8 protein chains.
Amino acid sequence: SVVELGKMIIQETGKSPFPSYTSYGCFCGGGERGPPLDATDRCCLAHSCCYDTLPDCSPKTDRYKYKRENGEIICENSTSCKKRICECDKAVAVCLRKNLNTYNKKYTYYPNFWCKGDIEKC
Amino acid sequence: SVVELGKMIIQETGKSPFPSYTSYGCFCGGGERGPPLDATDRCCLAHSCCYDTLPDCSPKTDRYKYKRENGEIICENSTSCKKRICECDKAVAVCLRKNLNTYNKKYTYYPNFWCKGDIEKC
Amino acid sequence: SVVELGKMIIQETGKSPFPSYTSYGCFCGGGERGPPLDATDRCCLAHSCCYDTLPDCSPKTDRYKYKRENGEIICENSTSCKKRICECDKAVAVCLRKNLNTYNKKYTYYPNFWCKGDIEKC
Amino acid sequence: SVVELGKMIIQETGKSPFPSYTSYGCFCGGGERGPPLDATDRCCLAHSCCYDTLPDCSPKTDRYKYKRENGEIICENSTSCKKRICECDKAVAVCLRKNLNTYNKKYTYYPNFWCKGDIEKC
Amino acid sequence: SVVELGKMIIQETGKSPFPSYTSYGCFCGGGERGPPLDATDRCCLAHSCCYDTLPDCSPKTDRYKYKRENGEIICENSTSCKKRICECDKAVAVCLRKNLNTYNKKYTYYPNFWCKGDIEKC
Amino acid sequence: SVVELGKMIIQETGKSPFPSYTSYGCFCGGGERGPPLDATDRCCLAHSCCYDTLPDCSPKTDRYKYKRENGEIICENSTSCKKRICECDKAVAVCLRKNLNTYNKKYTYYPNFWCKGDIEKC
Amino acid sequence: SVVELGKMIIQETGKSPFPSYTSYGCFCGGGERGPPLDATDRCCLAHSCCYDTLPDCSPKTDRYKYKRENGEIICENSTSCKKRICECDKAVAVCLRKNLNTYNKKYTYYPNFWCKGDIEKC
Amino acid sequence: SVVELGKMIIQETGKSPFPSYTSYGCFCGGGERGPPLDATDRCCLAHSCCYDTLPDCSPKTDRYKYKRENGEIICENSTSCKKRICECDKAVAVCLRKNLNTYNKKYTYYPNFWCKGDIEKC
């Protein structure tokens with residue numbers, strides 16, 4: 001999925017996952033302590049929470065297929081995980097895009113240890 | 001603490017002290033002679049005045065901790081100075097955030113002949 | 001003169017006073033306390049000093065004329081002030097051009113805690 | 001000719017003649033008093049002198065044609081005037097392009113009353 | 001009094017009269033034909049109409065003095081023309097500032113022959 | 001007309017054809033293969049389609065006149081083409097304006113592998 | 001290899017594929033129609049031709065490994081395709097580097113009517 | 001020592017260690033595999049090597065002080081470690097400033113897993 005997630009993101013945002021979103025805020029690129037800095041950071045917390053609903057999968061290595069149809073990303077259905085994993089990544093990509101309006105260049109590289117809130121729950 | 005103030009600013013105003021505020025107007029990042037240029041500048045003058053009520057502390061260097069509850073910055077209490085230095089910084093970060101609407105980038109490189117009035121009283 | 005000087009700057013350095021020099025370091029555009037930041041800043045300190053040798057003139061507001069011959073500035077001499085003022089300006093523009101090799105853009109918005117030392121003597 | 005010359009210019013430099021060259025330096029867009037500020041301002045003086053040798057014609061207005069064979073300007077031979085005005089324009093567009101490495105954005109808008117030099121000899 | 005107007009303008013807008021306003025739109029820096037390109041342009045048409053209520057004087061030349069005061073330009077009252085002229089100038093400067101939020105960088109240099117509208121009536 | 005269109009674009013969108021629209025999407029400033037990128041791009045496709053209904057005209061070179069009521073563009077009549085070509089341009093110019101809210105500066109330098117869809121059918 | 005190629009571009013040129021090359025001229029990032037704008041573009045054309053001698057492969061997607069030894073790129077050999085694809089990439093990366101001396105940023109957003117010539121011969 | 005080194009950095013280069021050098025090239029912020037990407041990157045390697053000559057100390061953590069006289073860093077000698085460490089930090093700070101002429105913003109964030117060279121031997 002790392003490959004698929006990356007593709008979806010440059011595609012939906014115009015920004016290369018690395019470094020625009022790999023360490024943005026408190027949750028983009030991983031993280032469990034916030035609170036979130038902004039909406040973009042929220043998209044990331046949601047994404048993680050999403051992956052957490054797929055313990056029977058390997059969201060990072062699971063390769064899958066997806067197509068575009070009238071602007072929307074269409075997830076394949078060959079297998080359960082591929083579909084669900086794709087849906088997680090599809091959602092975060094669309095969310096990042098819908099939130100590009102408040103994307104903050106200076107939040108792109110945010111020191112993880114600055115996030116000291118309690119561990120998020122989902 | 002100058003370090004903690006920097007976080008508050010980054011997190012609150014959404015800008016990084018350097019270069020957004022280290023040279024803003026007659027008082028941001030330093031300065032004693034006015035008159036202040038705008039609301040933002042005045043935030044810094046007030047900040048400067050707040051520090052003058054802590055002659056028994058070292059606001060620039062005394063390191064302190066803070067937390068974020070309900071989106072609000074909550075100052076620690078291990079020592080009165082840390083508490084007091086922290087409250088000064090919180091106010092300036094919030095005052096800067098409140099006045100982003102009149103933030104003028106040019107005051108970040110103002111004419112060198114501008115801050116030549118007489119020292120402001122607190 | 002302030003007008004004639006700017007055009008000198010413009011023709012000699014290729015840069016417009018604003019925002020290239022009106023706020024450079026501790027002395028360009030104004031300032032009494034250093035220490036100067038670099039060769040460029042020192043050109044302006046020397047310019048400040050040069051002006052101080054003309055208490056019988058109005059360096060900043062007494063207009064004058066000058067020509068260019070063989071690519072060099074040639075000051076007029078209708079009045080003595082006009083001549084001496086013009087010489088001061090010609091000198092700074094030449095020093096500015098000459099030091100373009102160390103022109104630092106960041107000194108255009110240096111930290112507000114710099115330039116707070118002794119007043120330089122001419 | 002305003003058109004052909006116009007065409008050649010953006011084609012060679014990539015800058016829209018107006019407002020990029022119509023008032024650059026002392027000689028772009030017209031001017032007899034210098035001295036030139038840089039190489040670009042000199043391409044425009046060379047241009048003017050090339051038109052000065054067409055009392056044979058109306059170089060500013062006369063219309064003509066030219067081709068782009070192997071990335072270059074080839075003038076037509078329809079009539080002497082047409083052919084000789086095209087060579088004036090071809091020469092200045094190439095000249096300007098060749099000197100783009102010293103084109104100064106702050107010379108783009110240069111007031112001609114700053115050009116005190118005596119009328120330029122060819 | 002092109003001096004007073006010039007000063008008022010950088011002071012109020014941060015922009016050098018030349019070249020940021022000397023040829024902006026259809027009316028900045030002269031013009032009887034619009035329509036105005038925008039708010040900024042409308043400030044200028046206003047200014048020139050103001051000057052038209054002064055056949056009584058010579059707006060572009062009668063020198064005068066003003067006081068900045070508490071952020072509000074304050075005109076002098078030695079002569080009528082100096083007061084009337086100064087008021088027309090102040091108004092255009094405050095108008096430009098107030099409309100900096102729509103100042104268009106590519107309207108800065110706008111060819112006058114593109115303004116075909118009828119002769120503007122005040 | 002290409003000139004007349006450009007003026008229309010500057011007046012209506014507040015953006016200069018170059019580099020704002022000369023390279024936008026798969027159709028602005030040229031292109032036949034889609035699929036169009038966004039609303040701005042479809043304006044151009046439509047525009048290009050509008051030109052196909054004028055096979056007996058030379059829309060790119062045929063010069064025409066037009067006025068401006070208050071803000072509306074009014075096309076001349078001298079000939080059938082000038083009116084028809086002009087209406088085509090007024091159309092795009094107005095379309096480009098109405099869709100500024102989704103104008104994507106990145107589509108100005110979009111991926112070189114993006115316009116391989118099928119030749120669009122008007 | 002698109003991923004490996006990009007990393008070679010970053011390494012060899014110091015520019016990221018986006019947006020420095022993904023839309024450069026008629027061939028970088030894609031395109032089959034010239035004429036090629038310059039040397040840099042021509043590197044891409046040669047690359048495209050290089051990719052064509054690999055119909056038995058999936059140059060764009062077959063991932064490979066490589067090392068940097070004494071300043072040089074050293075391709076892998078696990079399979080023939082991986083070796084050949086890598087050699088194609090290495091040569092363009094180096095080629096792109098070798099021509100940084102004529103890199104033109106405007107070719108990053110060239111006119112949309114600029115690459116509709118003949119399909120180039122390999 | 002993260003304080004001393006951090007301070008030396010901004011002071012010498014004007015760039016905030018984080019995020020401008022905390023992950024630059026293959027060696028900034030730590031790392032043992034290259035090869036180095038450029039001049040800047042080598043400074044860090046040389047810095048890592050310097051620390052390696054101090055196994056009897058704790059260079060990354062050990063605190064110490066320094067002074068700035070006439071623009072140079074002056075290390076203290078309270079203990080040997082503090083002196084040796086400080087000279088390491090100073091060296092890298094100077095090295096960085098000295099090579100800002102090639103600082104590449106595309107290298108500010110370089111994926112460390114892209115550095116596959118053999119473990120550097122100082």
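Chain naming here is simple, since letters A, B, ... match the order of the sequence lines and numbering starts at 1 in each.
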Quick one: [atom1] on [X] to [atom2] on [Y], what's the gap to the nearest 0.5 Å?
X: G:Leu5; Y: G:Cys88; atom1: CG; atom2: SG; result: 10.0 Å
X: H:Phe18; Y: H:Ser16; atom1: CZ; atom2: OG; result: 8.0 Å
X: G:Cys86; Y: G:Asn77; atom1: SG; atom2: CG; result: 9.0 Å
X: A:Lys65; Y: A:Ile74; atom1: NZ; atom2: CD1; result: 14.0 Å
X: F:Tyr110; Y: F:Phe113; atom1: OH; atom2: CZ; result: 11.5 Å
X: G:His47; Y: G:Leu45; atom1: NE2; atom2: CG; result: 11.0 Å

How close do [X] and [Y] get, heavy atom to heavy atom, and via which atoms?
X: G:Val92; Y: G:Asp89; value: CG1-O, 3.0 Å
X: G:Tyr64; Y: G:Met8; value: OH-CE, 3.4 Å
X: G:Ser23; Y: G:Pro19; value: OG-O, 4.4 Å
X: G:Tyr103; Y: G:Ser20; value: OH-O, 2.6 Å
X: F:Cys43; Y: F:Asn99; value: SG-ND2, 3.8 Å
X: G:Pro36; Y: G:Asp41; value: CA-OD2, 3.5 Å

Within the supplied structure, the quantity of interest is the number of heavy atoms (other residues, nucleotides, ligands) at a distance under 6.0 Å from [X] [atom1]; does it exceed 12?
X: D:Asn70; atom1: CG; result: no
X: G:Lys83; atom1: NZ; result: yes
X: A:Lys67; atom1: NZ; result: yes
X: H:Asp118; atom1: CG; result: no
X: G:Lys105; atom1: NZ; result: no
X: A:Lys106; atom1: NZ; result: yes

Non-hydrogen side-chain atoms of [X] and [Y] separated by less than 4.5 Å:
X: A:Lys15; Y: A:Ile9; result: no
X: G:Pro17; Y: G:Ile10; result: yes
X: F:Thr22; Y: G:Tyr109; result: no
X: G:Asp62; Y: G:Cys57; result: no
X: D:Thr40; Y: D:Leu96; result: yes

Self-check item: H:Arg42: salt bridge (charged side-chain N to carboxylate O under 4.0 Å, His left out) partners, not counting sequence neighbours
Solution: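 Here no residue qualifies.
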Quiz prompt | G:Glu87 and G:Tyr66 side chains, donor-acceptor separation under 3.5 Å | solution =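 Distance-only check fails for G:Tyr66 and G:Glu87.
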Quiz item: Between the side chains of G:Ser1 and G:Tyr51, is a donor N or O closer than 3.5 angstrom to an acceptor N or O?
Solution: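 Their side chains do contain a donor-acceptor pair, which is all the 3.5 Å distance test asks for.
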Quiz item: Among pairs that include at least one residue of residues 68-78 of chain G, which meet salt bridge (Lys or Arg N to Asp or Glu O under 4.0 Å), considering only residues two or more places apart or in two chains?
Solution: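 Pairs touching residues 68-78 of chain G that pass the test: G:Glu12-G:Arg68, G:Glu72-G:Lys90.
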Quiz item: Mind checking whether G:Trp114 and G:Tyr107 have parallel, tilted or perpendicular rings, split at 30° and 60°?
Solution: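 The rings of G:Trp114 and G:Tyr107 stand perpendicular, inter-plane angle above 60°.
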Quiz item: Taking 4.0 angstrom as the limit, do A:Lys7 and A:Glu4 come out as a salt bridge?
Solution: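 The answer is no: the pair does not qualify as a salt bridge.
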Sequence neighbours left out, cut at 3.5 Å: what donor-acceptor pairs do the side chains of residues 24-34 of chain F make with other protein atoms?
from: F:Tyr24; atom 1: OH; to: F:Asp38; atom 2: OD2; distance (Å): 2.4
from: F:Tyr24; atom 1: OH; to: F:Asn104; atom 2: N; distance (Å): 2.9
from: F:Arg33; atom 1: NH1; to: F:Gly117; atom 2: O; distance (Å): 2.6

Practice problem: Ignoring hydrogens and angles, tell me if any N or O in the side chain of A:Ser58 forms a donor-acceptor pair with the backbone of A:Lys60 under 3.5 Å. | Solution: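 Not a single qualifying donor-acceptor pair exists.
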Exercise. Please lay out, stage by stage, how G:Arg84 and G:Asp56 fare under the test side chain to side chain contact (heavy atoms under 4.5 Å, CB included).
Key: CA-CA 11 Å; G:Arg84 288 140 65 210; G:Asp56 48 308; 2.6 Å; yes
Quiz item: Where do H:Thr13 and H:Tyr21 land on the side chain to side chain contact (heavy atoms under 4.5 Å, CB included) test, with the steps shown first?
Solution: CA-CA 11 Å; H:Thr13 72; H:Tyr21 290 117; 3.8 Å; yes
